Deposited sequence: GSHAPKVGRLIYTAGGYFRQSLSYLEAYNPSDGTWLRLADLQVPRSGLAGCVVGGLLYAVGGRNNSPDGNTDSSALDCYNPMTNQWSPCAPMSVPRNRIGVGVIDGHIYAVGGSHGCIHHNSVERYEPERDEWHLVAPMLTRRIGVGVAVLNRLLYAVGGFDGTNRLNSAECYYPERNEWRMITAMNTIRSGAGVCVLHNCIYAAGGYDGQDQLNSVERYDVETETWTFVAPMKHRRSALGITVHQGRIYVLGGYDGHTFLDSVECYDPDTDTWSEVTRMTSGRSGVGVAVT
C-alpha cells in the first residue's frame, strides 16, 4: 500500500510541508519538514527513497539542491547538488537514475540535462535538449525520456522532444494541440498525459494523451479545476493532480482521473492550498 507524497509548494511563501495521502482510506499524514522551504521543485522515487529536486526558496534563490527522504526513518538527508540551480524543473527516472531536465536559474533558461547516480552521489551532464525549457513536463516511456512543453524564455511551448539514453541524443516529437508551461506530465498505460498548465493567457483544464504508436496527441476528459504548477502522479492505474494555481486561487483540490471511464472526480483536499509541489508515490 503505497502513499502519494507531496513535498514543499508555495502559498504566499515557499513551504516546507511534506505530506502523504492514502487513497485506500482518505487519510493524510504529516511527515518531516524539508530543511529549506521550496517551490517549483520536482519529486521522484528511487529504491523506495523520496527525492526532492531543485526549485526555489521564495533570501529568494533558485535551488541546485537534491535532498533524499527515507519513509522508514522519516528523515531528510542532503545529496550531491546539481551542476546548476534549476527552478521549475522536470525530472524522470531511468534505471534508478534521476534525470534533471531544464528549469531556470534567474533569467537563464536551461536546455541542459544532468543525471544522478544514487549509488554514487554523483551528477553528470548528458546531451542538452534542442529547446530551453522551464516549467517542463517529464515522462519516462519505453526507456525513453520525454520533455513536454514549458517556457523557453521567449515563447510558451507546445513542442516535445525525446531523449535516447543509449545514443545520448534528443529528437523532436509531435507537438501538442495546446501550449502548456507548468503542466502535469505523467505516464499511464503506455501513454504520456499532459494535464493543465498555462497557455500564455489562461490556466488550462484540458488534458491531452500522446499515443506513441500513432505519434498523435488526442484530448481526453478535462479536469474540474483548471490549474498550472500542479502536482501529478500515478497510483494504482489512475492519475492524481494535486493543487496548483487557477489564475486567482492556490488550489487544495486533488482530482483523480479514471482512464476506463474517462472521468475526473475530486477525491480529497490537501490540508491547505498550494502550488509548485513535488509529487511522488512509494
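K.L.:
What ranges of the deposited sequence, counted from 1, have no C-alpha atoms in this structure?
P.N.:
In the chain as deposited, 1-7, 66-68 carry no coordinates.
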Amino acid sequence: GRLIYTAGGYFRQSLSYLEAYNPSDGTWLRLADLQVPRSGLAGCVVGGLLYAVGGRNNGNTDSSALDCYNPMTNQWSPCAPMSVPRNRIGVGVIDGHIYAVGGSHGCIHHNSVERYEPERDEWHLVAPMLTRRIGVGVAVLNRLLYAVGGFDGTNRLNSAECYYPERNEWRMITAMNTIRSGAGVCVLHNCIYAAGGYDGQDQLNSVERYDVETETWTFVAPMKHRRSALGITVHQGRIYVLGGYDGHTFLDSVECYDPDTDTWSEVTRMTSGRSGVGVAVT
From here on, numbers count along this sequence of modelled residues.
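K.L.:
Compare the other PDB entries of this protein and indicate whether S64 is left unmodelled in at least a third of them.
P.N.:
No: coordinates for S64 present in every compared entry.
K.L.:
Could you check which stretch, 86-94 or 172-180, carries the larger mean CA temperature factor in the entry?
P.N.:
Averaged over C-alpha atoms, the B-factors run higher in 172-180.
K.L.:
On average, which has the higher Cα B-factor in the deposited entry, 219-227 or 59-67?
P.N.:
In the deposited entry, the stretch with the higher C-alpha B-factor mean is 59-67.
K.L.:
Say you rank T73, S206, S112, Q203 by Cα B-factor from the PDB entry; which sits at the top?
P.N.:
Result of the comparison over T73, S206, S112, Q203: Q203.
K.L.:
Among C107, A80, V138, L125, single out the one with the highest C-alpha B factor in the record, please.
P.N.:
Result of the comparison over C107, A80, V138, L125: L125.
K.L.:
Can you work out whether the C-alpha temperature factor of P118 puts it in the lowest, middle or highest third of the chain?
P.N.:
Its C-alpha B-factor belongs to the middle third of this chain's values.
K.L.:
Hey, what third does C186 fall into on Cα B-factor, ranked over its chain?
P.N.:
It belongs to the middle third of the chain when residues are ordered by C-alpha B-factor.
K.L.:
Taking the values exactly as deposited, rank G40 by C-alpha B-factor within its chain and report the matching third: lowest, middle or highest.
P.N.:
Its C-alpha B-factor, which the entry lists for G40, ranks in the middle third among residues of this chain.
K.L.:
Report the third (lowest, middle or highest) to which the CA temperature factor of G9 belongs, ranking only the modelled residues of the same chain.
P.N.:
Lowest third, going by the recorded CA B-factors of the chain.
K.L.:
Could you say whether, by C-alpha temperature factor, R143 belongs to the lowest, middle or highest third of its chain?
P.N.:
As the PDB entry reports it, the C-alpha B-factor of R143 lands in the middle third of its chain.
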